[PDB]
Amino acid sequence: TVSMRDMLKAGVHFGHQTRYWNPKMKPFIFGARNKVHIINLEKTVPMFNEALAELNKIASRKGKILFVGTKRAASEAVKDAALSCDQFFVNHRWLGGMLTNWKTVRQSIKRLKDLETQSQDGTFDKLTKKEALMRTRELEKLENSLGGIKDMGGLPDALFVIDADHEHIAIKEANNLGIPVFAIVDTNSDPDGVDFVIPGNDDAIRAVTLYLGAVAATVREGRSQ
RNA sequence: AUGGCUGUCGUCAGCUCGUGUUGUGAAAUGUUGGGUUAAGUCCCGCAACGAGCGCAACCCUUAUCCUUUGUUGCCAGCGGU
Ligand SMILES: [Mg+2]
Ligand SMILES: [Mg+2]
Ligand SMILES: [Mg+2]
Ligand SMILES: [Mg+2]
Ligand SMILES: [Mg+2]
Ligand SMILES: [Mg+2]
């Protein structure tokens with residue numbers, strides 16, 4: 001699907017410097033041009049479409065596909081790419097224990113549902129005005145970190161992740177539950193908890209646009225399927 | 001040997017717990033950090049997320065007005081002592 005002639009133009013093949021690299025990433029490194037690692041795209045494209053063709057499978061049963069990015073470099077990009085195929089995101093801070101301790105965080109999805117309903121569908125006026133805003137500032141703080149999963153219900157089946165050592169907690173919560181992990185592993189990040197490592201850059205906004213596109217496109221193809 | 005009741009630390013701001021995680025284990029996190037407050041007071045940050053008992057608010061008293069109600073209270077303008 002996605003090939004090598006789009007990525008080099010975009011800026012996927014850039015890693016960090018040569019003092020921050022992870023020595024486990026050495027099967028995915030071409031060399032070091034100007035003190036900065038270059039990633040072999042010959043081992044990126046067959047390992048990017050390897051991850052997409054299984055999102056053909058999991059979107060061929062309407063399986064729940066949670067997208068993860070909290071860098072705030074593409075926090076706005078991860079919502080809209082998850083709202084293309086109306087799948088799920090955590091764009092601001094991943095709460096610790098969101099998946100292992102789900103039925104506790106379930107009680108806060110419900111409170112988010114009642115504060116969203118009361119503002120629009122409730123239409124209840126003439127209430128205590130200094131109390132009216134602590135109810136109102138509650139909504140905007142639960143829309144913030146839980147707002148991507150207001151319409152999910154349970155645990156997902158996949159876990160698409162943008163950085164693997166910025167989101168190391170979200171990997172370990174899907175390690176211990178048996179949810180597969182489809183992550184983008186830059187050359188500083190640890191690929192052990194990731195089941196399907198995808199090397200590349202994660203700081204150019206075009207690169208994370210390219211990733212989230214065809215990840216959503218096969219789930220858009222799966223929903224049509 | 002106790003029940004009920006009280007003193008005191010001390011009206012000092014604290015003492016916990018479920019689910020989760022880390023640790024072989026006693027346990028730890030939550031409760032820490034940045035500011036702030038009379039205050040675990042509030043905001044922000046943070047593998048934590050939530051909750052309870054205590055922190056305040058609801059009760060009483062004092063302070064200004066307003067209306068209804070005027071005797072055993074009152075006496076302003078209104079007859080005479
Ligand atoms: Mg243990
Ligand atoms: Mg505990
Ligand atoms: Mg503690
Ligand atoms: Mg304590
Ligand atoms: Mg503090
Ligand atoms: Mg309190």
# chains A, B, ... in the order shown; residues from 1 in each chain; ligands from 1
$ residues_around --residues "segment 30-40 of chain B" --least-positions-apart "3" --cutoff "7 Å" --atoms "only C-alpha atoms (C1' of nucleotides)" --output "VMD selection string"
chain B and resid 13 48 55
$ select_by_dssp --residues "segment 87-174 of chain A" --states "strand (DSSP E)" --output "number ranges by chain"
A: 88-90, 158-161
$ closest_atom_pairs --of "chain B" --to "chain A" --cutoff "12 Å" --atoms "only C-alpha atoms (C1' of nucleotides)" --output "CSV"
residue,atom,partner,partner_atom,distance
B:18,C1',A:104,CA,9.4
B:19,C1',A:104,CA,6.2
B:20,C1',A:101,CA,5.1
B:21,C1',A:97,CA,7.5
B:29,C1',A:96,CA,11.8
B:30,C1',A:96,CA,11.6
B:45,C1',A:93,CA,11.3
B:46,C1',A:96,CA,10.1
B:47,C1',A:96,CA,4.4
B:48,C1',A:96,CA,4.8
B:49,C1',A:105,CA,6.5
B:50,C1',A:104,CA,6.7
B:51,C1',A:104,CA,10.9
$ write_last_selection --atoms "N, CA and C atoms (P, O5', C5', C4', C3', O3' and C1' of nucleotides)" --output "PDB file, in the first residue's frame"
ATOM      1  P     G B  18      -8.498  -2.281  51.293  1.00  0.00           P
ATOM      2  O5'   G B  18      -9.338  -2.156  49.947  1.00  0.00           O
ATOM      3  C5'   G B  18     -10.676  -2.627  49.898  1.00  0.00           C
ATOM      4  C4'   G B  18     -11.383  -2.229  48.627  1.00  0.00           C
ATOM      5  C3'   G B  18     -10.713  -2.636  47.329  1.00  0.00           C
ATOM      6  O3'   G B  18     -10.979  -3.983  46.976  1.00  0.00           O
ATOM      7  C1'   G B  18     -11.374  -0.374  47.199  1.00  0.00           C
ATOM      8  P     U B  19      -9.851  -4.884  46.271  1.00  0.00           P
ATOM      9  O5'   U B  19      -9.673  -4.224  44.833  1.00  0.00           O
ATOM     10  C5'   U B  19     -10.632  -4.438  43.814  1.00  0.00           C
ATOM     11  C4'   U B  19     -10.435  -3.489  42.666  1.00  0.00           C
ATOM     12  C3'   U B  19      -9.120  -3.612  41.934  1.00  0.00           C
ATOM     13  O3'   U B  19      -9.032  -4.714  41.056  1.00  0.00           O
ATOM     14  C1'   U B  19      -9.509  -1.352  42.379  1.00  0.00           C
ATOM     15  P     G B  20      -7.633  -5.482  40.924  1.00  0.00           P
ATOM     16  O5'   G B  20      -6.619  -4.346  40.472  1.00  0.00           O
ATOM     17  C5'   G B  20      -6.521  -4.001  39.108  1.00  0.00           C
ATOM     18  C4'   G B  20      -5.651  -2.797  38.880  1.00  0.00           C
ATOM     19  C3'   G B  20      -4.155  -2.990  38.948  1.00  0.00           C
ATOM     20  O3'   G B  20      -3.599  -3.697  37.860  1.00  0.00           O
ATOM     21  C1'   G B  20      -4.715  -0.998  40.023  1.00  0.00           C
ATOM     22  P     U B  21      -2.519  -4.839  38.161  1.00  0.00           P
ATOM     23  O5'   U B  21      -1.169  -4.044  38.407  1.00  0.00           O
ATOM     24  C5'   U B  21      -0.513  -3.386  37.342  1.00  0.00           C
ATOM     25  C4'   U B  21       0.338  -2.250  37.843  1.00  0.00           C
ATOM     26  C3'   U B  21       1.623  -2.645  38.532  1.00  0.00           C
ATOM     27  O3'   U B  21       2.659  -2.974  37.631  1.00  0.00           O
ATOM     28  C1'   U B  21       0.510  -1.028  39.831  1.00  0.00           C
ATOM     29  P     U B  29       3.966   6.130  50.198  1.00  0.00           P
ATOM     30  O5'   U B  29       3.381   6.312  48.725  1.00  0.00           O
ATOM     31  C5'   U B  29       4.195   6.712  47.631  1.00  0.00           C
ATOM     32  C4'   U B  29       3.561   6.348  46.310  1.00  0.00           C
ATOM     33  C3'   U B  29       2.217   7.004  46.002  1.00  0.00           C
ATOM     34  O3'   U B  29       2.362   8.275  45.398  1.00  0.00           O
ATOM     35  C1'   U B  29       2.126   4.668  45.521  1.00  0.00           C
ATOM     36  P     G B  30       1.918   9.625  46.135  1.00  0.00           P
ATOM     37  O5'   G B  30       0.336   9.549  46.237  1.00  0.00           O
ATOM     38  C5'   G B  30      -0.475  10.021  45.170  1.00  0.00           C
ATOM     39  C4'   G B  30      -1.816   9.330  45.129  1.00  0.00           C
ATOM     40  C3'   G B  30      -2.798   9.695  46.237  1.00  0.00           C
ATOM     41  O3'   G B  30      -3.611  10.815  45.911  1.00  0.00           O
ATOM     42  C1'   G B  30      -2.632   7.332  46.041  1.00  0.00           C
ATOM     43  P     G B  45      -2.225  19.617  34.365  1.00  0.00           P
ATOM     44  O5'   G B  45      -0.920  18.946  34.981  1.00  0.00           O
ATOM     45  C5'   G B  45       0.349  19.169  34.390  1.00  0.00           C
ATOM     46  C4'   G B  45       1.484  18.783  35.303  1.00  0.00           C
ATOM     47  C3'   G B  45       1.743  17.304  35.497  1.00  0.00           C
ATOM     48  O3'   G B  45       2.445  16.718  34.421  1.00  0.00           O
ATOM     49  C1'   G B  45       1.830  18.394  37.581  1.00  0.00           C
ATOM     50  P     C B  46       1.922  15.355  33.765  1.00  0.00           P
ATOM     51  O5'   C B  46       2.398  14.223  34.770  1.00  0.00           O
ATOM     52  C5'   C B  46       3.737  14.157  35.239  1.00  0.00           C
ATOM     53  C4'   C B  46       3.814  13.359  36.514  1.00  0.00           C
ATOM     54  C3'   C B  46       3.102  12.020  36.482  1.00  0.00           C
ATOM     55  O3'   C B  46       3.848  11.001  35.846  1.00  0.00           O
ATOM     56  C1'   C B  46       2.511  13.171  38.457  1.00  0.00           C
ATOM     57  P     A B  47       3.077   9.832  35.064  1.00  0.00           P
ATOM     58  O5'   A B  47       2.826   8.738  36.191  1.00  0.00           O
ATOM     59  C5'   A B  47       2.135   7.533  35.899  1.00  0.00           C
ATOM     60  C4'   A B  47       1.431   6.986  37.112  1.00  0.00           C
ATOM     61  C3'   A B  47       2.332   6.486  38.242  1.00  0.00           C
ATOM     62  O3'   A B  47       1.678   6.712  39.499  1.00  0.00           O
ATOM     63  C1'   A B  47       0.954   4.735  37.512  1.00  0.00           C
ATOM     64  P     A B  48       1.849   8.095  40.320  1.00  0.00           P
ATOM     65  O5'   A B  48       0.822   9.098  39.641  1.00  0.00           O
ATOM     66  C5'   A B  48      -0.536   9.152  40.050  1.00  0.00           C
ATOM     67  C4'   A B  48      -1.400   8.276  39.182  1.00  0.00           C
ATOM     68  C3'   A B  48      -2.906   8.450  39.296  1.00  0.00           C
ATOM     69  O3'   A B  48      -3.398   9.543  38.537  1.00  0.00           O
ATOM     70  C1'   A B  48      -2.372   6.156  39.355  1.00  0.00           C
ATOM     71  P     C B  49      -4.665  10.387  39.047  1.00  0.00           P
ATOM     72  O5'   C B  49      -5.878   9.372  38.955  1.00  0.00           O
ATOM     73  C5'   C B  49      -6.423   9.002  37.703  1.00  0.00           C
ATOM     74  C4'   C B  49      -7.377   7.853  37.858  1.00  0.00           C
ATOM     75  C3'   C B  49      -8.629   8.145  38.662  1.00  0.00           C
ATOM     76  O3'   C B  49      -9.636   8.756  37.877  1.00  0.00           O
ATOM     77  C1'   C B  49      -7.658   6.121  39.400  1.00  0.00           C
ATOM     78  P     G B  50     -10.517   9.958  38.464  1.00  0.00           P
ATOM     79  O5'   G B  50     -11.734   9.222  39.182  1.00  0.00           O
ATOM     80  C5'   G B  50     -12.115   9.541  40.511  1.00  0.00           C
ATOM     81  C4'   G B  50     -12.621   8.324  41.247  1.00  0.00           C
ATOM     82  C3'   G B  50     -13.188   8.567  42.636  1.00  0.00           C
ATOM     83  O3'   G B  50     -14.526   9.028  42.628  1.00  0.00           O
ATOM     84  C1'   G B  50     -11.702   6.737  42.707  1.00  0.00           C
ATOM     85  P     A B  51     -14.976  10.162  43.666  1.00  0.00           P
ATOM     86  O5'   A B  51     -15.113   9.403  45.059  1.00  0.00           O
ATOM     87  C5'   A B  51     -16.095   8.401  45.256  1.00  0.00           C
ATOM     88  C4'   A B  51     -15.814   7.591  46.496  1.00  0.00           C
ATOM     89  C3'   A B  51     -15.838   8.344  47.815  1.00  0.00           C
ATOM     90  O3'   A B  51     -17.149   8.586  48.299  1.00  0.00           O
ATOM     91  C1'   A B  51     -13.938   6.944  47.749  1.00  0.00           C
TER      92        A B  51
END
$ residues_around --residues "residue 214 of chain A" --least-positions-apart "3" --cutoff "12 Å" --atoms "only C-alpha atoms (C1' of nucleotides)" --output "PDB file with N, CA, C and O atoms, in the first residue's frame"
ATOM      1  N   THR A   1       0.833  -1.196   0.000  1.00  0.00           N
ATOM      2  CA  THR A   1       0.000   0.000   0.000  1.00  0.00           C
ATOM      3  C   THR A   1       0.870   1.249   0.000  1.00  0.00           C
ATOM      4  O   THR A   1       1.034   1.905  -1.024  1.00  0.00           O
ATOM      5  N   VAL A   2       1.418   1.574   1.165  1.00  0.00           N
ATOM      6  CA  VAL A   2       2.327   2.701   1.307  1.00  0.00           C
ATOM      7  C   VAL A   2       3.725   2.211   0.975  1.00  0.00           C
ATOM      8  O   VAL A   2       4.133   1.131   1.420  1.00  0.00           O
ATOM      9  N   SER A   3       4.455   2.986   0.182  1.00  0.00           N
ATOM     10  CA  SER A   3       5.749   2.562  -0.316  1.00  0.00           C
ATOM     11  C   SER A   3       6.848   3.534   0.095  1.00  0.00           C
ATOM     12  O   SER A   3       6.612   4.580   0.701  1.00  0.00           O
ATOM     13  N   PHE A  48       5.691  -1.982   7.762  1.00  0.00           N
ATOM     14  CA  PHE A  48       4.569  -1.070   7.929  1.00  0.00           C
ATOM     15  C   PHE A  48       3.301  -1.660   7.334  1.00  0.00           C
ATOM     16  O   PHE A  48       2.250  -1.639   7.978  1.00  0.00           O
ATOM     17  N   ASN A  49       3.400  -2.238   6.134  1.00  0.00           N
ATOM     18  CA  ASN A  49       2.283  -2.958   5.533  1.00  0.00           C
ATOM     19  C   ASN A  49       2.029  -4.299   6.201  1.00  0.00           C
ATOM     20  O   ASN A  49       0.950  -4.866   6.021  1.00  0.00           O
ATOM     21  N   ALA A  51       1.834  -4.424   9.387  1.00  0.00           N
ATOM     22  CA  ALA A  51       0.973  -3.980  10.469  1.00  0.00           C
ATOM     23  C   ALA A  51      -0.381  -3.508   9.968  1.00  0.00           C
ATOM     24  O   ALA A  51      -1.352  -3.519  10.734  1.00  0.00           O
ATOM     25  N   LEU A  52      -0.465  -3.085   8.704  1.00  0.00           N
ATOM     26  CA  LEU A  52      -1.731  -2.607   8.154  1.00  0.00           C
ATOM     27  C   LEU A  52      -2.639  -3.763   7.767  1.00  0.00           C
ATOM     28  O   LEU A  52      -3.851  -3.705   7.985  1.00  0.00           O
ATOM     29  N   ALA A  53      -2.060  -4.824   7.200  1.00  0.00           N
ATOM     30  CA  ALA A  53      -2.836  -5.956   6.716  1.00  0.00           C
ATOM     31  C   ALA A  53      -3.456  -6.772   7.843  1.00  0.00           C
ATOM     32  O   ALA A  53      -4.355  -7.577   7.584  1.00  0.00           O
ATOM     33  N   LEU A  55      -4.620  -4.943  10.526  1.00  0.00           N
ATOM     34  CA  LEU A  55      -5.738  -4.043  10.767  1.00  0.00           C
ATOM     35  C   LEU A  55      -6.818  -4.169   9.699  1.00  0.00           C
ATOM     36  O   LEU A  55      -7.893  -3.581   9.849  1.00  0.00           O
ATOM     37  N   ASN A  56      -6.546  -4.888   8.614  1.00  0.00           N
ATOM     38  CA  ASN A  56      -7.621  -5.388   7.773  1.00  0.00           C
ATOM     39  C   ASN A  56      -8.432  -6.448   8.510  1.00  0.00           C
ATOM     40  O   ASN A  56      -9.663  -6.462   8.422  1.00  0.00           O
ATOM     41  N   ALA A  81      -7.813  11.667  12.942  1.00  0.00           N
ATOM     42  CA  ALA A  81      -7.507  10.394  12.313  1.00  0.00           C
ATOM     43  C   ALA A  81      -8.215   9.228  12.977  1.00  0.00           C
ATOM     44  O   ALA A  81      -8.346   8.167  12.360  1.00  0.00           O
ATOM     45  N   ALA A  82      -8.653   9.393  14.223  1.00  0.00           N
ATOM     46  CA  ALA A  82      -9.494   8.400  14.867  1.00  0.00           C
ATOM     47  C   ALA A  82     -10.973   8.681  14.673  1.00  0.00           C
ATOM     48  O   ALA A  82     -11.792   7.790  14.913  1.00  0.00           O
ATOM     49  N   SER A  84     -12.036   9.626  11.644  1.00  0.00           N
ATOM     50  CA  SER A  84     -12.314   9.270  10.260  1.00  0.00           C
ATOM     51  C   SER A  84     -13.095   7.966  10.190  1.00  0.00           C
ATOM     52  O   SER A  84     -14.078   7.851   9.449  1.00  0.00           O
ATOM     53  N   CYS A  85     -12.674   6.977  10.971  1.00  0.00           N
ATOM     54  CA  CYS A  85     -13.325   5.678  11.054  1.00  0.00           C
ATOM     55  C   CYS A  85     -13.990   5.452  12.410  1.00  0.00           C
ATOM     56  O   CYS A  85     -14.116   4.301  12.838  1.00  0.00           O
ATOM     57  N   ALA A 207       5.105  12.960   9.056  1.00  0.00           N
ATOM     58  CA  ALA A 207       5.339  11.532   9.262  1.00  0.00           C
ATOM     59  C   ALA A 207       4.226  10.896  10.088  1.00  0.00           C
ATOM     60  O   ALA A 207       3.755   9.798   9.770  1.00  0.00           O
ATOM     61  N   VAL A 208       3.789  11.578  11.148  1.00  0.00           N
ATOM     62  CA  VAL A 208       2.679  11.086  11.946  1.00  0.00           C
ATOM     63  C   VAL A 208       1.355  11.290  11.207  1.00  0.00           C
ATOM     64  O   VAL A 208       0.369  10.593  11.485  1.00  0.00           O
ATOM     65  N   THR A 209       1.316  12.209  10.235  1.00  0.00           N
ATOM     66  CA  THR A 209       0.160  12.283   9.347  1.00  0.00           C
ATOM     67  C   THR A 209       0.123  11.087   8.400  1.00  0.00           C
ATOM     68  O   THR A 209      -0.944  10.506   8.166  1.00  0.00           O
ATOM     69  N   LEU A 210       1.284  10.693   7.871  1.00  0.00           N
ATOM     70  CA  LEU A 210       1.365   9.539   6.977  1.00  0.00           C
ATOM     71  C   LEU A 210       1.001   8.241   7.692  1.00  0.00           C
ATOM     72  O   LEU A 210       0.322   7.380   7.116  1.00  0.00           O
ATOM     73  N   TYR A 211       1.450   8.091   8.945  1.00  0.00           N
ATOM     74  CA  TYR A 211       1.156   6.895   9.731  1.00  0.00           C
ATOM     75  C   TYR A 211      -0.339   6.751   9.968  1.00  0.00           C
ATOM     76  O   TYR A 211      -0.959   5.773   9.538  1.00  0.00           O
ATOM     77  N   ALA A 217      -7.047   4.211   6.999  1.00  0.00           N
ATOM     78  CA  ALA A 217      -7.606   3.857   5.698  1.00  0.00           C
ATOM     79  C   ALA A 217      -7.973   2.382   5.630  1.00  0.00           C
ATOM     80  O   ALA A 217      -9.017   2.023   5.072  1.00  0.00           O
ATOM     81  N   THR A 218      -7.146   1.513   6.206  1.00  0.00           N
ATOM     82  CA  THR A 218      -7.499   0.105   6.239  1.00  0.00           C
ATOM     83  C   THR A 218      -8.616  -0.189   7.236  1.00  0.00           C
ATOM     84  O   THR A 218      -9.383  -1.135   7.027  1.00  0.00           O
ATOM     85  N   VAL A 219      -8.752   0.617   8.291  1.00  0.00           N
ATOM     86  CA  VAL A 219      -9.892   0.469   9.184  1.00  0.00           C
ATOM     87  C   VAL A 219     -11.134   1.073   8.534  1.00  0.00           C
ATOM     88  O   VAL A 219     -12.250   0.582   8.743  1.00  0.00           O
ATOM     89  N   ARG A 220     -10.967   2.110   7.708  1.00  0.00           N
ATOM     90  CA  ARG A 220     -12.074   2.551   6.863  1.00  0.00           C
ATOM     91  C   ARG A 220     -12.407   1.510   5.799  1.00  0.00           C
ATOM     92  O   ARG A 220     -13.572   1.351   5.418  1.00  0.00           O
ATOM     93  N   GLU A 221     -11.393   0.793   5.309  1.00  0.00           N
ATOM     94  CA  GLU A 221     -11.637  -0.297   4.378  1.00  0.00           C
ATOM     95  C   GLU A 221     -12.239  -1.496   5.095  1.00  0.00           C
ATOM     96  O   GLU A 221     -13.028  -2.239   4.503  1.00  0.00           O
ATOM     97  N   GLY A 222     -11.886  -1.692   6.366  1.00  0.00           N
ATOM     98  CA  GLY A 222     -12.446  -2.800   7.119  1.00  0.00           C
ATOM     99  C   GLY A 222     -13.886  -2.578   7.531  1.00  0.00           C
ATOM    100  O   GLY A 222     -14.678  -3.525   7.553  1.00  0.00           O
TER     101      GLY A 222
END
$ atom_distance --atom1 "atom CA of residue 160 of chain A" --atom2 "atom CA of residue 23 of chain A"
23.3 Å
$ residues_around --residues "segment 190-206 of chain A" --least-positions-apart "3" --cutoff "8 Å" --atoms "only C-alpha atoms (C1' of nucleotides)" --output "VMD selection string"
chain A and resid 10 to 15 22 24 to 25 28 39 44 47 to 48 51 73 to 74 162 to 165 171 to 172 175 180 to 187 209 to 210
$ residues_near_ligand --ligand "ligand 1" --cutoff "9 Å" --atoms "only C-alpha atoms (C1' of nucleotides) and all ligand atoms" --output "number ranges by chain"
B: 22-25
$ write_last_selection --atoms "N, CA and C atoms (P, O5', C5', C4', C3', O3' and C1' of nucleotides)" --output "PDB file, in the first residue's frame"
ATOM      1  P     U B  22       3.552  -4.277  37.891  1.00  0.00           P
ATOM      2  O5'   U B  22       4.712  -3.755  38.837  1.00  0.00           O
ATOM      3  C5'   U B  22       5.521  -2.654  38.460  1.00  0.00           C
ATOM      4  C4'   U B  22       6.267  -2.103  39.641  1.00  0.00           C
ATOM      5  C3'   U B  22       7.030  -3.118  40.462  1.00  0.00           C
ATOM      6  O3'   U B  22       8.254  -3.504  39.879  1.00  0.00           O
ATOM      7  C1'   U B  22       5.843  -1.681  41.905  1.00  0.00           C
ATOM      8  P     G B  23       8.718  -5.038  39.929  1.00  0.00           P
ATOM      9  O5'   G B  23       8.897  -5.328  41.477  1.00  0.00           O
ATOM     10  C5'   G B  23       9.974  -4.740  42.171  1.00  0.00           C
ATOM     11  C4'   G B  23       9.909  -4.955  43.661  1.00  0.00           C
ATOM     12  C3'   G B  23       9.867  -6.373  44.176  1.00  0.00           C
ATOM     13  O3'   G B  23      11.073  -7.088  43.992  1.00  0.00           O
ATOM     14  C1'   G B  23       8.512  -4.987  45.512  1.00  0.00           C
ATOM     15  P     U B  24      11.041  -8.567  43.373  1.00  0.00           P
ATOM     16  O5'   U B  24       9.927  -9.317  44.227  1.00  0.00           O
ATOM     17  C5'   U B  24       9.410 -10.574  43.818  1.00  0.00           C
ATOM     18  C4'   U B  24       9.390 -11.588  44.939  1.00  0.00           C
ATOM     19  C3'   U B  24       8.692 -11.193  46.225  1.00  0.00           C
ATOM     20  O3'   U B  24       7.287 -11.260  46.159  1.00  0.00           O
ATOM     21  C1'   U B  24      10.708 -12.312  46.723  1.00  0.00           C
ATOM     22  P     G B  25       6.437 -10.117  46.868  1.00  0.00           P
ATOM     23  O5'   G B  25       6.922 -10.142  48.381  1.00  0.00           O
ATOM     24  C5'   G B  25       6.182 -10.799  49.396  1.00  0.00           C
ATOM     25  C4'   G B  25       6.849 -10.640  50.740  1.00  0.00           C
ATOM     26  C3'   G B  25       6.581  -9.333  51.465  1.00  0.00           C
ATOM     27  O3'   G B  25       5.406  -9.393  52.249  1.00  0.00           O
ATOM     28  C1'   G B  25       8.904  -9.782  51.449  1.00  0.00           C
TER      29        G B  25
END
$ closest_residue --among "B:15, B:9, B:1, B:75" --to "ligand 4" --atoms "only C-alpha atoms (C1' of nucleotides) and all ligand atoms"
B:15
$ select_by_dssp --residues "segment 20-200 of chain A" --states "alpha helix (DSSP H)" --output "ChimeraX atom specification"
/A:45-58,75-82,102-117,131-134,136-146,168-175
$ atom_distance --atom1 "atom CA of residue 77 of chain A" --atom2 "atom CA of residue 89 of chain A"
10.5 Å
$ atom_distance --atom1 "atom CA of residue 4 of chain A" --atom2 "atom CA of residue 161 of chain A"
21.1 Å
